[PDB]
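Single chain ahead, by itself, as structure tokens, in the form deposited in one PDB entry.
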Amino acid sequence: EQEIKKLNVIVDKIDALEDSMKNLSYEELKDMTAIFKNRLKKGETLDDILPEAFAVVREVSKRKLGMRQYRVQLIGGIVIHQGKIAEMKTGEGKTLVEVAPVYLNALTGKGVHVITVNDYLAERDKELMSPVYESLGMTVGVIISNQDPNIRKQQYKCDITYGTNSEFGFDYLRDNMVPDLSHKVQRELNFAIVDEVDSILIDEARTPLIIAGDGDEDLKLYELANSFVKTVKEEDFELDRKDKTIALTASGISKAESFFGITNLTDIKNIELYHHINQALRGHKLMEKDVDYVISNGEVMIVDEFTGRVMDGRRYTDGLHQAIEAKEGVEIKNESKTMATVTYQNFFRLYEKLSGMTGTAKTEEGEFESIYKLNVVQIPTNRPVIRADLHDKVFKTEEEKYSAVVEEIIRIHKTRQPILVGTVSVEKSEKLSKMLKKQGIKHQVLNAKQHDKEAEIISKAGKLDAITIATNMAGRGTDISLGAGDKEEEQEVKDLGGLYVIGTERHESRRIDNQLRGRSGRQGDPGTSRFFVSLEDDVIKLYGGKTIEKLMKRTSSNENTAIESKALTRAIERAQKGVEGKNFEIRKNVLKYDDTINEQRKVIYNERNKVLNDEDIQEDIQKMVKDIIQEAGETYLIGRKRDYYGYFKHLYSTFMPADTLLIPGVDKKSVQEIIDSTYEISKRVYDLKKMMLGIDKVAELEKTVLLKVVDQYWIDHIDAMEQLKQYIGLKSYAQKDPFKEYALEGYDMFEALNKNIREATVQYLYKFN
């Protein structure tokens, strides 16, 4: 309320400025982008310049679109500017509301992302609003699926880029899968306005964004690595049963490189081949059937050394399991491979400034503030809503209800009022449509299969004899104008009561119910809506409880008569809130599983970027080197009581070149100076490297390897964490939450990931120079 008064005082300022914009030329209006930037360099903030800048946009808007913004459109724009969700009904001009705040934030030159739910929408909307951004001297881009990358970076280069939610996501993952910084397509994730914020950020929130890779080579590599190991003789590898290491000897390397037709197997270029080879070796000579793993029902299964029983489910990490599949003649898995993933939720949280619009979001406000720091402001409508939202017409059976819907559509169709029928699936749409065809009724069916074609059709849905069956995801973003652009047909159809809205099922949420109603009664227009439902409908039947159960058990009487009573109405409403409650509670619970992989992922991506953008990673390599030494110090010199043979055999198999570990004074030399001394020997290995190749090649090599190693291990960790979620599905405990195991094991796994990266980076930089 006071909230609206505040917004209104700002709008008053825009209106005061109208007169002056009215008498400027086109070039004067366009010259305002430079006046705004220069003043921004001088001291004013976007908040200080917004009135005048909105005034510039209304004006260019009036002349170029012939759409002068209304007060409530400017209010929505200010809210969006605030990095909030403006709740605006269907027909309030969301697409237009976006132009002023977008334009305002595009002035920083940092870029702005206007997000849609699909390709057709993003292109249409950008094409439609381009004349105004261009008339203000800015450039607009757009991102869609059938798109050339070269064009892709350019779209992000414009001051403004349009695109659908998933493509801004896909691009982000790809940018963190790149080898060279100058391969990225994006700039900073600055500001994002998300359309239909509740379906995206709430309903679809968990949607995984996956960049996946083909298992073409993984399958040949696994096959080939296995037959190459099969020809290996004892003189080709050195193994240690006790400490479980196995490395190829020099003859092993030769047989290997001649076998695979390669030149230096240990060089970083062959990381992938070398890694599949070490796993076959290990799989073949360190693991044994009926001791380490068993084969049952055609699968390699892990034996728990704690009981000798199998670990139903669990798989070996880093290709080791496949290695054993090939080794045993078992079906290796051709499962699709995931190179990168992020959900909508975690992706939209990455923006410095977030925003959104929707027709209904106030009820989910707690969650929007909790998850994203988004608050909701309800923007009053331009005109009063007179659409009659009538009470549900209830039936005992689904067949009675559809039969009743066909008749209601006939009765109305005969008065030639247009009818929008809401449905919950392509299958319902077809059942309904086949029933209208039975009675000779012409109509159109929108299945959200082809947005553009569906769009021209939904636009004509406000015509005189219009009947349109629309699935819940068909025809969004297009307005249903009464009379389709004819003043005579519009007032006529308007005289008739506007668009008639019929729902054939209640949805999993009252919001979607409201979104179907919102299809009619736009901008002051008349209209009517009603829901036809029945006890057999999913929400009623799955969540309505004992009252419904009893009702469905009764002996069927009075076919086709509607049912009603207050107690029937309390149980119908209660059922809907039940699924709303459940869905809400499931969201909350999956959130902590999702946050855990999300927090891992931010650390690995920040690191990966630190590499991609330089600054300096040489100390980080020196920290990994020290790390490995401290750990070996702890495992062998302390855990095993100065087991020098093992301390050095371990450091040697890990990364140190042969015969370098000579320390005297050992035996009455503290463990720390044994680590300090060992480190100085490492520094001299690396001094030899710097003298042979030069500091530049050394620092660069660091870059090349750290990156290739992080990718190798992080793609496997991704898979291993998904496997972890799967396993904690089963075995639970009488203590507290399945989540606690999950977290504990996730943490141990995350430490195992970083231990792997360092040992492999460091080996590669130090062991084979």
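The term rigid core refers to the maximal set of C-alpha atoms that superpose within 1.5 Å between the two forms. Residue indices: 1-based, along the sequence shown.
A.B. asks: For the C-alpha atoms alone, is the average B factor greater in 126 to 134 or in 192 to 200, going by the entry?
C.D. replies: The stretch with the larger mean CA B-factor is 126 to 134.
A.B. asks: I need to verify one thing: averaged over C-alpha atoms only, is the B-factor higher for 271 to 279 or for 469 to 477?
C.D. replies: Per the PDB record, 469 to 477.
A.B. asks: Per the coordinate record, which of the options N558, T358, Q417, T547 holds the highest CA temperature factor?
C.D. replies: In the PDB entry, the greatest C-alpha B-factor among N558, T358, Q417, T547 is found at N558.
A.B. asks: Out of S296, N514, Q154, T90, which shows the largest CA B-factor listed in the entry?
C.D. replies: Highest CA B-factor of the listed options: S296.
A.B. asks: So where's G163 on the chain's Cα temperature factor ranking, which third?
C.D. replies: Lowest third of the chain for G163's C-alpha B-factor.
A.B. asks: Against its chain's modelled residues, does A734's Cα B factor rank lowest, middle or highest third?
C.D. replies: Highest third, going by the recorded CA B-factors of the chain.
A.B. asks: If you rank every modelled residue in this chain by C-alpha B factor, which third holds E745: lowest, middle or highest?
C.D. replies: Answer is highest: the recorded C-alpha B-factor places it there.
A.B. asks: Classify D31 as lowest, middle or highest third according to the C-alpha B-factor given in the PDB entry, relative to its own chain.
C.D. replies: Its C-alpha B-factor, which the entry lists for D31, ranks in the highest third among residues of this chain.
A.B. asks: Split into thirds by Cα B-factor across the chain's modelled residues, where does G503 land: lowest, middle or highest?
C.D. replies: As the PDB entry reports it, the C-alpha B-factor of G503 lands in the middle third of its chain.
Missing here is the form deposited in another entry; even so, the following discussion is about that form.
A.B. asks: Pick from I386, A212, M691, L390: whose Cα moves by 2 Å or more between this form and the one not shown, rigid core superposed?
C.D. replies: Result of the comparison: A212.
A.B. asks: So, superposing on the core, is the move of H183 at the CA at least 2 angstroms between this form and the one not shown?
C.D. replies: True for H183: a C-alpha shift of 2 Å or more.
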